[PDB]
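Q: Before we start, here is the structure in question, set down as structure tokens.
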Amino acid sequence: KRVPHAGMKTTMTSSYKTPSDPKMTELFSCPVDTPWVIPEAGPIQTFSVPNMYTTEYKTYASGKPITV
Amino acid sequence: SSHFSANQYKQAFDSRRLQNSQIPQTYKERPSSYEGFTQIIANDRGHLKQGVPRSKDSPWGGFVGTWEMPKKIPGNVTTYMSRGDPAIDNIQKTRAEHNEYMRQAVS
Amino acid sequence: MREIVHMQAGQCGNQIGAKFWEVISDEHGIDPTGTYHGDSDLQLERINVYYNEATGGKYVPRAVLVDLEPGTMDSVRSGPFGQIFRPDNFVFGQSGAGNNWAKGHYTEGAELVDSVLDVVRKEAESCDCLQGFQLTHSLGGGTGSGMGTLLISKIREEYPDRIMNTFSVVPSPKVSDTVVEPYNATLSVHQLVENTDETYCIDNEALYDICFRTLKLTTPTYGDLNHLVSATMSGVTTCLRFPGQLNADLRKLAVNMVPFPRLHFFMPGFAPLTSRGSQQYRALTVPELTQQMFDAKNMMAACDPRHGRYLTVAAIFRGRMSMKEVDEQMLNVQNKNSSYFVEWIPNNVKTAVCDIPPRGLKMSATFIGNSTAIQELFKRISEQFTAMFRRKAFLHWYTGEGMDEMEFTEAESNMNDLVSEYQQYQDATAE
Amino acid sequence: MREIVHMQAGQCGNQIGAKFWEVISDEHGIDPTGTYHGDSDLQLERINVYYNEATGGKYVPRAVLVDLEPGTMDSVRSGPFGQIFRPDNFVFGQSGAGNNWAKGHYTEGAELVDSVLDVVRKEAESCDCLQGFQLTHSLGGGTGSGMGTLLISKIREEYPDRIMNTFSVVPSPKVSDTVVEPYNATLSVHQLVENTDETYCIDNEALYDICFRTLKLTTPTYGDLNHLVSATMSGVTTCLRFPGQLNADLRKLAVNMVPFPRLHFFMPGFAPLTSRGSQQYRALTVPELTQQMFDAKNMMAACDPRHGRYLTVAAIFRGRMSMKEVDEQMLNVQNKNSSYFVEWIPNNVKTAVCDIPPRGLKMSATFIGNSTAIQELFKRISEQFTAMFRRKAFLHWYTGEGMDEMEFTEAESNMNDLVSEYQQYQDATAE
Amino acid sequence: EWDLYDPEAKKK
Amino acid sequence: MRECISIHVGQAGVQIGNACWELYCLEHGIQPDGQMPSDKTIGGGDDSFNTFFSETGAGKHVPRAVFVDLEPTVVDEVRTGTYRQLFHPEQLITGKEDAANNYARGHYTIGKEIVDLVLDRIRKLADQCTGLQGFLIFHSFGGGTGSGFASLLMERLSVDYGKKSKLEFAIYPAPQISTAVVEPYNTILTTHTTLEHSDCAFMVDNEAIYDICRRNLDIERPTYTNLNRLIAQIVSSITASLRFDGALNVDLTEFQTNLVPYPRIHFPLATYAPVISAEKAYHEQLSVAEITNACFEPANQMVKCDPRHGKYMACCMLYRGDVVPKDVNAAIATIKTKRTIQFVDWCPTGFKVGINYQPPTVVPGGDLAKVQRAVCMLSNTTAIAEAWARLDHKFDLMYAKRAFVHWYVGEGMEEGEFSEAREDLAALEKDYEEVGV
Amino acid sequence: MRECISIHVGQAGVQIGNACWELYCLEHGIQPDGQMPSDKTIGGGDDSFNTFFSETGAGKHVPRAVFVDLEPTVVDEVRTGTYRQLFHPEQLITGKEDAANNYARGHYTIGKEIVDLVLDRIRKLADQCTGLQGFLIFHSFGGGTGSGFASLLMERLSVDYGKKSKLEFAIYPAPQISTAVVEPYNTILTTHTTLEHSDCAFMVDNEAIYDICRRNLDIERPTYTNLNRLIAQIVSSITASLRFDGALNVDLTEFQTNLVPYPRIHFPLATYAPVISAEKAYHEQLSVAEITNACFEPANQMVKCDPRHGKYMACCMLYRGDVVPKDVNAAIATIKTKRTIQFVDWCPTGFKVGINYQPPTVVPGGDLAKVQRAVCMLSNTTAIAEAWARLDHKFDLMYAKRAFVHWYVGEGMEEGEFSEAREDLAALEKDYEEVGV
Ligand SMILES: Nc1nc2c(ncn2[C@@H]2O[C@H](COP(=O)(O)OP(=O)(O)OP(=O)(O)O)[C@@H](O)[C@H]2O)c(=O)[nH]1
Ligand SMILES: Nc1nc2c(ncn2[C@@H]2O[C@H](COP(=O)(O)OP(=O)(O)OP(=O)(O)O)[C@@H](O)[C@H]2O)c(=O)[nH]1
Ligand SMILES: Nc1nc2c(ncn2[C@@H]2O[C@H](COP(=O)(O)OP(=O)(O)O)[C@@H](O)[C@H]2O)c(=O)[nH]1
Ligand SMILES: Nc1nc2c(ncn2[C@@H]2O[C@H](COP(=O)(O)OP(=O)(O)O)[C@@H](O)[C@H]2O)c(=O)[nH]1
Ligand SMILES: [Mg+2]
Ligand SMILES: [Mg+2]
């Protein structure tokens with residue numbers, strides 16, 4: 001009467017088995033979701049600078065004094 | 001038995017980028033030029049006639065098989081630096097002896 | 001109204017010319033049945049150059065088809081755009097040359113050149129102006145080389161003043177494609193030197209790198225290879241068929257390139273060449289077009305004009321563009337690369353401009369060069385010829401087909417003399 | 001129309017230059033697909049300094065990506081802002097030098113210089129002015145140091161008078177990241193001294209200190225380091241790219257920087273820099289901009305400028321300010337710190353002011369300084385080099401790839417002469 | 001010709 | 001128009017012809033009995049079969065073959081087999097007694113009564129076709145009718161045909177295994193009398209195909225049917241350019257002028273790639289470079305010899321299926337840059353490549369895997385000087401003691417013929433040595 | 001573009017190859033039948049597997065491995081195992097007889113039987129590769145196939161491929177744990193053969209990995225499976241930067257340059273951190289500084305050679321996971337300020353840092369816990385001169401009486417190779433002491 005659990009069972013076939021596990025999802029994907037959304041830089045963010053995208057040539061024949 | 005180069009197209013047609021990572025076989029690129037007309041130096045059989053210079057190499061080429069390769073290979077070091085003088089002498093001696101063994105196997 | 005007659009000899013000539021008639025029927029609006037379905041009248045406006053008119057709307061090509069076996073012409077007839085050719089223009093034999101120049105020139109091509117000559121004479125007397133002849137073949141085959149050169153010799157005996165063009169698919173430095181290519185090329189070039197008015201030496205390997213690097217395309221296929229060749233022919237011939245600001249026909253091309261009579265071996269080039277997915281980054285300008293012309297990697301031969309020296313350069317801009325951009329780009333490329341240009345010919349570039357670009361293209365540009373670098377090709381061929389002829393490789397076929405060894409020696413002497421004059425005009429100085 | 005040709009070589013180069021292109025594209029209003037979604041025409045007026053116009057609103061960068069091994073180049077072309085580069089400007093090998101200056105300079109790296117110079121020649125003759133070339137390389141590596149300096153040498157031979165700006169990521173005082181980096185750094189700076197006309201030395205420990213101290217940032221990652229470096233790349237070109245009260249291009253900067261031809265190693269700097277929750281304590285003004293520039297914390301090299309003497313220093317301000325305020329600030333800095341500036345040059349500060357700031361910031365400032373403290377970096381490299389060279393360690397890997405000890409000796413003596421020149425100009429008196 | 005070189009031919 | 005008469009001589013020739021005609025009928029759609037299978041290509045004429053078949057008024061496709069054996073056993077098996085209606089009865093003439101492994105008997109006494117009939121049938125088959133390309137003659141050097149009667153057939157064909165191509169497919173004897181014992185005598189005699197009468201003789205040695213079937217096809221005990229199927233695939237890949245559309249078409253007249261440098265050296269070697277089985281062809285793709293490397297590998301030739309110990313004269317690469325010329329060029333260039341492959345100095349350019357689009361045809365119940373692409377290599381190299389010298393030594397060991405000479409003397413042949421054959425093969429060995437210098 | 005050809009020679013090499021190829025299949029999402037799990041959407045249309053798995057036109061991912069062993073079983077166990085469909089049938093090579101713990105059998109008589117076949121398979125794999133980064137040779141110095149045939153294959157690879165990178169994984173014999181008696185003989189002969197035909201030979205040994213499994217993982221029965229799993233994790237952390245995105249990328253051709261100061265000193269150590277169990281990973285923080293100190297702790301070593309007795313000559317740190325370069329520099333600078341770790345005076349810049357973003361891979365049914373950061377530390381201490389001295393003492397102890405020499409003499413090697421091997425190892429020891437001083 002051959003022993004049932006360690007009778008004829010090779011080490012590689014008992015150890016290097018085909019991979020099967022319910023935790024394969026965590027291997028390639030975190031269960032924690034990302035806590036932000038990030039848009040591109042906007043016009044209200046690039047035009048909040050006072051007198052933005054204007055140079056010193058624009059004060060000629062402008063009628064406004066130079067406080068800049 | 002010749003390649004005779006490709007001028008522009010040396011980006012390809014080298015063994016390393018043709019997926020052949022072994023040692024290349026070196027040919028004679030940049031072909032020469034002659035003035036015209038050749039000596040016939042052969043009969044209708046392919047034989048070299050009497051008088052022409054003939055190579056002393058083997059007529060079957062040189063391919064040292066596995067069982068006639070030398071049992072010792074040098075190492076392909078080609079540096080000769082930070083070695084002792086007896087070490088450099090040993091490397092040169094075994095290089096000469098193994099080259100002699102390959103020449104023995106070829107001819 | 002200046003007509004030219006097109007001849008195809010051998011497998012390579014038959015496939016390349018079949019693709020050539022396909023593309024120049026597509027650009028003229030000719031459907032595979034043979035009628036006309038073009039958009040504008042400019043397509044049929046000069047249709048007499050390449051097509052004879054039958055009863056009704058049928059426009060047959062002005063083409064002669066020669067191959068010693070039914071074979072490749074059978075495939076061409078049972079391929080697309082194969083029903084336009086007249087069945088009386090398919091001249092064929094029974095045996096077929098086994099890549100033997102002696103068989104194609106002395107034994108098998110001897111008793112077919114009479115039929116080919118009758119067909120050519122009829123199709124040429126059907127012309128009205130008869131500018132000249134163009135032949136597609138290779139210098140690596142049996143009936144491409146031997147029968148083609150026999151045809152060239154007999155046609156030059158018949159009409160000695162007409163322009164002769166050959167498209168001369170030369171042997172490649174790498175790979176082989178045939179083991180008797182040195183014999184075939186040495187025997188064919190010896191005929192091409194003394195019997196052709198202009199010769200476009202075209203290399204399979206150079207076309208391979210052109211089609212696979214500058215066009216990606218993965219699997220290139222001989223359809224695309226022969227279509228690159230056909231596009232070069234269309235860019236060459238276009239000033240006959242479409243109007244332009246400065247037109248230039250075959251005789252203008254031959255006069256403005258060929259300096260001395262035995263120096264008519266050219267390197268062609270077609271230089272709109274966009275890889276798949278880089279047209280977005282492409283700028284599509286005249287300087288970029290001229291730069292893609294004057295790049296050594298864009299030549300259709302293995303020889304390097306950077307290694308050699310340009311004698312005469314012909315550039316045909318086929319499309320709508322400006323004499324400013326064209327002339328200043330030619331002057332700039334000359335003055336920058338004055339090292340690769342002969343000093344004894346000042347401004348050695350002929351410029352031609354058409355007005356009709358290819359369908360689906362804004363502008364095209366064909367490049368023809370007469371550099372002294374093409375001596376490298378003949379040096380390769382002559383050295384392989386010496387290596388074979390020293391040990392009499394494969395010579396028993398040529399001697400058993402009734403042909404002597406002094407023919408080989410004379411051909412080699414003529415090729416070596418050709419290399420000698422090319423090197424002489426390369427290294428000759430101004431004063 | 002002063003064009004600039006960009007060159008990124010090596011892994012560090014292909015990372016830093018990619019960040020540089022995606023921070024230049026936002027300033028010039030270029031989206032990841034390459035179109036121009038700009039706010040003002042000032043972004044489009046000088047877009048040809050870095051871009052070439054394509055079909056539609058597409059603008060393709062004039063950058064060359066050089067690497068002996070794919071990898072990080074695949075990563076940056078698969079990341080964002082990676083599909084704007086032309087696919088022909090991606091010259092790659094297959095093996096990789098891999099921390100070996102000999103392997104990157106005198107081996108398989110040398111059989112890529114033909115293709116790289118072909119691409120560089122294309123992008124160089126596709127210009128009209130061509131201010132200069134700039135390289136983004138990585139002293140301490142194989143394909144950054146060796147191949148990069150080979151490209152520098154060849155392009156300097158081709159174009160001698162144009163600018164040859166380099167951004168060198170120098171080895172660090174503590175931490176190596178490469179065992180053979182003293183050999184690589186010495187053998188690369190030997191080429192750099194004789195070839196380049198201006199070189200910005202960026203140190204990774206200095207970047208870590210800035211991100212950890214001025215910016216805290218907890219987990220910085222290499223993206224923020226590349227962003228700092230890229231901001232200072234843009235800070236020396238903003239005068240070319242946008243109009244200002246007091247313009248100064250790269251040639252003006254070089255002339256007002258280097259007093260002698262062998263002193264072209266600067267220490268860059270960008271100093272609007274606050275922490276996360278530190279906007280409420282610094283209302284950005286010109287005086288605190290200037291003191292943040294001249295502070296030793298916000299210097300992107302391990303060389304402390306207090307351990308030396310400022311030979312020259314240039315400051316490229318961007319934004320809206322008063323020239324009186326700027327000049328008084330730099331005079332006040334010079335007058336308070338008299339011993340930290342050389343006494344035989346009055347007004348060591350070269351100021352430039354551009355009207356257009358970077359987006360988001362009201363006004364910014366870029367600091368570059370030729371100081372005698374870089375002798376500490378060169379002396380540390382000399383100390384490590386003479387530690388590794390006495391015992392002939394890690395040196396068969398160079399002499400088997402094919403060089404000799406004479407090159408190492410000459411490089412060591414050249415860098416020692418550089419240290420001696422900096423030392424003698426540090427302590428030189430007026431009279 | 002599977003009967004000639006079946007690995008279980010002599011078994012079966 | 002591209003007609004080829006196949007003349008099969010001997011038991012080996014008849015059996016390989018059986019396999020060849022099975023493959024030809026399967027790939028051309030001919031039913032075994034005599035016809036197209038009714039509704040198949042009703043409107044399409046599909047006249048590609050004209051290379052190997054003729055059309056009669058009864059709508060029956062008749063092969064252009066002549067099956068000759070002097071023993072009425074294998075011919076009777078063909079006449080009673082499944083293809084009993086395909087063949088014309090006069091295309092399978094046979095003798096009453098065989099040569100029984102005797103060149104003199106097969107060439108001088110009982111080969112003189114079948115030669116008139118076979119030349120009459122060959123004359124009829126040649127006058128029936130317009131534009132004959134050449135004769136594909138399938139036989140064995142092992143002896144009997146394949147060595148005597150086949151050589152007599154070539155001697156008559158030289159008289160009445162001349163310049164037509166005469167491509168032999170010859171079973172060469174193995175270095176180790178053998179069936180007969182006087183086959184060195186038979187081979188030396190038949191080589192001496194076919195050297196000046198053939199054009200190109202493809203060597204299809206049996207032992208190498210045994211080891212090829214044992215290695216690639218995973219067949220422990222291969223058989224003659226498997227070898228015949230492989231030879232049928234070889235000849236189909238050779239002749240496919242005359243029947244199917246191809247990018248680079250090759251005819252029978254190009255093989256001689258591109259593989260025969262000198263009129264004495266006309267013995268090239270055929271090999272096929274891939275010869276992989278299905279369970280292993282599942283594992284990896286079979287590209288142009290891989291099949292070219294498989295052809296240039298030493299353990300894939302169909303002769304038991306190592307080409308690395310010789311020098312190539314000229315190679316012919318017939319690519320067949322989904323292949324492209326740029327991959328062909330890259331593979332051949334990589335081979336030329338490889339070091340273990342050495343060409344002879346007087347052949348700078350040494351390949352003849354033909355690209356064909358038709359994929360190989362799979363015989364049901366066969367062993368070869370179905371593939372997109374394959375390649376047949378026909379290499380002329382100096383490596384077969386080993387085979388010639390070994391066979392000549394085997395001849396000398398027997399002729400030193402006059403073993404088995406009285407049979408040839410009695411059956412109408414002089415020993416001067418033996419002496420001249422030995423001297424002729426001495427000259428052939430000297431030529432093969434003298435080429436390589 | 002990145003290509004590593006993995007050759008596993010010996011029973012130890014084949015089992016380690018099983019572990020490592022299971023790990024690579026798990027890392028690239030390839031099922032044991034060699035296909036993506038019925039979807040092309042995991043990782044999208046990726047080809048990051050190209051560094052290990054050659055891909056055909058149908059979805060089969062055949063690996064770039066050659067499994068060689070003269071003895072049957074083990075390789076046949078791979079043939080009949082769970083990874084049966086993955087491996088190509090010719091990729092697994094097996095002889096008839098065993099090398100039987102004999103360097104002479106592995107190098108001269110029985111090893112030269114299969115070496116042409118193994119080189120042919122390696123040549124086909126190299127031609128299939130589009131640019132080799134190098135070879136990875138897995139073997140043990142215990143004796144036989146992993147010693148004699150490994151040395152012969154390395155010697156022939158140095159003949160054929162020239163300056164190609166060859167990275168070695170050697171199970172070096174343990175200081176007191178042994179499973180054979182001729183392990184010193186085989187180790188001395190293999191080292192003498194492969195001093196010149198090698199680039200960088202990483203060392204592991206069973207005794208130190210047993211101590212690691214007993215102390216850290218808390219396994220009281222560590223079989224070879226766990227040992228090979230840690231070795232697989234080591235080689236995966238070595239090769240991760242060729243296939244995953246990283247901040248600092250290191251390839252296979254930098255491990256020779258950054259770890260071999262002198263051409264004979266090419267025997268580096270190996271360490272992996274944090275090797276930990278689940279119940280200890282719940283307690284330990286496992287930060288960057290902690291694992292960086294744990295690498296240089298002289299109890300996590302896998303070579304069983306206390307590096308406090310030697311001086312560090314070079315180090316290659318391979319970080320993987322969510323590790324930050326700022327803390328990397330801080331930890332690797334605190335190590336340099338630490339006085340227990342001692343470096344040679346001629347190597348101030350003694351570190352090569354490579355950071356990869358990919359976290360370590362947790363095998364199902366494994367023993368390592370799930371960690372977010374890991375370091376594979378690759379040192380080059382001269383402390384291994386102690387192990388060389390102990391091995392040389394054992395060799396001299398059995399060599400003075402000339403025990404076990406007659407086996408090697410009868411199987412094909414004389415006393416001269418023994419003498420010059422001992423001379424070469426004595427010269428190596430003098431080189432180690434000179435580079436230490
Ligand atoms: N490949 C292959 N070889 C065969 C076959 N049949 C016979 N042979 C070869 O032929 C040799 C035997 O001589 P045969 O060719 O049969 O002799 P024969 O042509 O029938 O003439 P006789 O000897 O008079 O009967 C053997 O050594 C085999 O190698 C076959 O079906 N296939
Ligand atoms: N880490 C590890 N080491 C092993 C393993 N199997 C064997 N070894 C080691 O290998 C050494 C002996 O070498 P082997 O691989 O068994 O010998 P071989 O290569 O098969 O050659 P032969 O003995 O001739 O059959 C032993 O001392 C073990 O330490 C394994 O699965 N994992
Ligand atoms: N470009 C191109 N070249 C071809 C084609 N067909 C054959 N060739 C070339 O022609 C040469 C062989 O000449 P071949 O056609 O056989 O000449 P023939 O025997 O006289 O008909 C080879 O070098 C091929 O490269 C084709 O369709 N396109
Ligand atoms: N600032 C910065 N430095 C980098 C980056 N990538 C790598 N480095 C530095 O470059 C050095 C390594 O050089 P490496 O890239 O391997 O050189 P290569 O092999 O020639 O490409 C290290 O010291 C890093 O600090 C980056 O993105 N930014
Ligand atoms: Mg019989
Ligand atoms: Mg074992």
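Residues in the structure tokens are numbered from 1 in each chain, the chains being A, B, ... in the order shown, and ligands are numbered from 1 in the order shown.
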If we count only C-alpha atoms, what is near residue 154 in chain D at a cut-off of 10 Å, once residues fewer than 6 positions away on the same chain are taken out, given as a CSV table (one decimal) with N, CA and C atoms, in the first residue's frame?
A:
```
chain,number,residue,atom,x,y,z
D,113,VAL,N,28.6,57.7,-36.5
D,113,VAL,CA,28.8,59.2,-36.7
D,113,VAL,C,28.5,59.6,-38.1
D,117,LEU,N,25.9,62.6,-38.4
D,117,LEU,CA,26.3,63.8,-39.1
D,117,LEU,C,25.5,64.0,-40.4
D,160,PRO,N,33.3,75.7,-37.5
D,160,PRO,CA,34.1,76.3,-36.5
D,160,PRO,C,33.6,77.5,-35.7
D,195,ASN,N,37.3,71.8,-27.4
D,195,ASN,CA,36.3,71.9,-28.5
D,195,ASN,C,35.2,72.9,-28.2
```
Q: I want to know what sits within 9 Å of range 48-65 of chain F, based on only C-alpha atoms, with residues of the same chain fewer than 6 positions away left out; could you give that as a ChimeraX atom specification?
A: /F:1-8,17,21,24-25,28-30,33-36,86-88,91-92,122,125,128-129,242-244
Q: Write out as a VMD selection string each polymer residue (protein, DNA or RNA) that has an atom no more than 9 Å from ligand 5, with only C-alpha atoms and all ligand atoms counted.
A: chain F and resid 10 to 12 69 to 74 98 to 101 143 to 146
Q: Specify as a ChimeraX atom specification all residues of chain D found within 7 Å of chain G, counting only C-alpha atoms.
A: /D:75,94-95,98-99,174-180,208,219,221-222,384,387-388,391,393-394,397
Q: Can I get the selected residues back with N, CA, C and O atoms, as a tab-separated table (two decimals), in the first residue's frame?
A:
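Saved as again09.tsv:
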```tsv
chain	number	residue	atom	x	y	z
D	75	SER	N	11.41	54.66	-24.38
D	75	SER	CA	10.58	55.16	-23.29
D	75	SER	C	10.11	56.59	-23.54
D	75	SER	O	8.94	56.92	-23.32
D	94	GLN	N	22.80	49.14	-31.70
D	94	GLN	CA	22.22	47.91	-31.17
D	94	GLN	C	22.94	47.34	-29.96
D	94	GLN	O	22.34	46.53	-29.25
D	95	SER	N	24.18	47.72	-29.69
D	95	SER	CA	24.94	47.14	-28.58
D	95	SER	C	24.96	48.05	-27.36
D	95	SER	O	24.56	47.64	-26.26
D	98	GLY	N	27.96	51.66	-22.90
D	98	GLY	CA	27.69	51.24	-21.54
D	98	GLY	C	28.80	51.52	-20.55
D	98	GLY	O	29.48	50.58	-20.11
D	99	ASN	N	28.96	52.79	-20.18
D	99	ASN	CA	29.99	53.26	-19.24
D	99	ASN	C	31.39	52.86	-19.71
D	99	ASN	O	32.16	52.23	-18.99
D	174	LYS	N	29.89	63.09	-3.61
D	174	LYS	CA	29.46	61.84	-3.00
D	174	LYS	C	28.53	61.13	-3.97
D	174	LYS	O	27.83	61.78	-4.75
D	175	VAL	N	28.52	59.79	-3.89
D	175	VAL	CA	27.78	58.85	-4.74
D	175	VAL	C	28.32	58.90	-6.17
D	175	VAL	O	28.56	59.98	-6.73
D	176	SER	N	28.51	57.73	-6.78
D	176	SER	CA	29.16	57.65	-8.08
D	176	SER	C	28.18	57.45	-9.23
D	176	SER	O	28.28	58.15	-10.24
D	177	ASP	N	27.28	56.46	-9.11
D	177	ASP	CA	26.34	55.98	-10.13
D	177	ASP	C	27.06	55.33	-11.32
D	177	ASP	O	26.40	54.91	-12.28
D	178	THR	N	28.39	55.24	-11.26
D	178	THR	CA	29.24	54.62	-12.27
D	178	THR	C	30.63	54.45	-11.67
D	178	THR	O	31.16	55.38	-11.07
D	179	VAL	N	31.21	53.25	-11.79
D	179	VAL	CA	32.52	53.01	-11.21
D	179	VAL	C	33.61	53.75	-11.99
D	179	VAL	O	34.56	54.28	-11.40
D	180	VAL	N	33.48	53.80	-13.31
D	180	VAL	CA	34.54	54.34	-14.17
D	180	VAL	C	34.27	55.79	-14.55
D	180	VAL	O	34.82	56.29	-15.54
D	208	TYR	N	19.49	67.40	-6.23
D	208	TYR	CA	18.87	66.78	-5.07
D	208	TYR	C	18.76	67.77	-3.91
D	208	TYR	O	17.73	67.81	-3.23
D	219	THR	N	9.37	63.11	-2.44
D	219	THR	CA	9.82	62.18	-3.47
D	219	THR	C	10.01	62.96	-4.76
D	219	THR	O	9.04	63.16	-5.51
D	221	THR	N	11.82	62.52	-7.81
D	221	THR	CA	11.94	61.81	-9.09
D	221	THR	C	12.74	62.62	-10.12
D	221	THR	O	12.89	63.84	-10.00
D	222	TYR	N	13.28	61.92	-11.13
D	222	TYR	CA	14.15	62.55	-12.11
D	222	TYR	C	13.43	63.56	-12.99
D	222	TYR	O	14.09	64.37	-13.66
D	384	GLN	N	40.39	61.45	-7.94
D	384	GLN	CA	39.87	60.10	-8.19
D	384	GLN	C	40.56	59.45	-9.39
D	384	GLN	O	40.80	58.23	-9.38
D	387	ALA	N	43.87	58.30	-8.27
D	387	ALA	CA	43.71	57.13	-7.41
D	387	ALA	C	43.50	55.87	-8.25
D	387	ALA	O	44.11	54.83	-7.96
D	388	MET	N	42.66	55.95	-9.28
D	388	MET	CA	42.36	54.79	-10.12
D	388	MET	C	43.45	54.48	-11.14
D	388	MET	O	43.53	53.34	-11.60
D	391	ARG	N	47.13	52.30	-9.99
D	391	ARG	CA	47.06	50.85	-9.92
D	391	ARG	C	46.57	50.20	-11.20
D	391	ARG	O	46.40	48.98	-11.23
D	393	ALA	N	43.66	50.25	-12.62
D	393	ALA	CA	42.39	49.59	-12.38
D	393	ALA	C	41.33	50.05	-13.38
D	393	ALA	O	41.27	51.23	-13.73
D	394	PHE	N	40.51	49.10	-13.83
D	394	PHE	CA	39.40	49.33	-14.77
D	394	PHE	C	39.89	49.96	-16.08
D	394	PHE	O	39.17	50.71	-16.73
D	397	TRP	N	39.80	47.56	-19.79
D	397	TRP	CA	38.56	47.77	-20.53
D	397	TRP	C	38.65	48.90	-21.54
D	397	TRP	O	37.82	48.95	-22.46
```
Q: Give me, as a PyMOL selection string, all polymer residues having an atom no more than 10 Å from range 378-384 of chain F, counting only C-alpha atoms and skipping those fewer than 6 positions away in the same chain.
A: (chain B and resi 59-60) or (chain F and resi 202-203+234+238+255+258-261+265-272+295-296+301+303-318+342-344+350-352+390+429+431-433+435-436)
Q: Residues of chain B near chain F: apply a cut-off of 8 Å, count only C-alpha atoms, and supply the list as a ChimeraX atom specification.
A: /B:1-3,13-15,18-20,22-26,44-48,54-55,57-63
Q: Select, from D:157, D:88, D:407, D:128, the residue with the minimum atom-to-atom distance to chain C, counting only C-alpha atoms.
A: D:88
Q: Sorted by chain and rising residue number, which residues of chain B lie within 12 Å of chain C, and what are their closest atom pairs and distances in Å to one decimal, counting only C-alpha atoms, as CSV?
A:
```
residue,atom,partner,partner_atom,distance
B:1,CA,C:384,CA,9.5
B:2,CA,C:384,CA,8.4
B:3,CA,C:174,CA,5.6
B:4,CA,C:173,CA,6.2
B:5,CA,C:173,CA,6.8
B:6,CA,C:302,CA,5.7
B:7,CA,C:304,CA,5.7
B:8,CA,C:297,CA,5.8
B:9,CA,C:297,CA,7.5
B:10,CA,C:297,CA,10.6
B:11,CA,C:209,CA,10.1
B:12,CA,C:209,CA,9.0
B:13,CA,C:174,CA,8.2
B:14,CA,C:174,CA,11.2
B:27,CA,C:174,CA,11.8
B:28,CA,C:380,CA,11.1
B:29,CA,C:380,CA,9.7
B:30,CA,C:376,CA,8.3
B:31,CA,C:380,CA,6.0
B:32,CA,C:379,CA,6.6
B:33,CA,C:379,CA,5.6
B:34,CA,C:416,CA,6.4
B:35,CA,C:416,CA,5.5
B:36,CA,C:413,CA,4.3
B:37,CA,C:409,CA,5.4
B:38,CA,C:386,CA,6.9
B:39,CA,C:390,CA,6.7
B:40,CA,C:390,CA,5.4
B:41,CA,C:390,CA,6.0
B:42,CA,C:391,CA,5.3
B:43,CA,C:392,CA,7.5
B:44,CA,C:392,CA,7.0
B:45,CA,C:392,CA,8.4
B:46,CA,C:391,CA,5.7
B:47,CA,C:391,CA,7.7
B:48,CA,C:391,CA,7.6
B:49,CA,C:391,CA,9.9
B:52,CA,C:390,CA,11.2
```
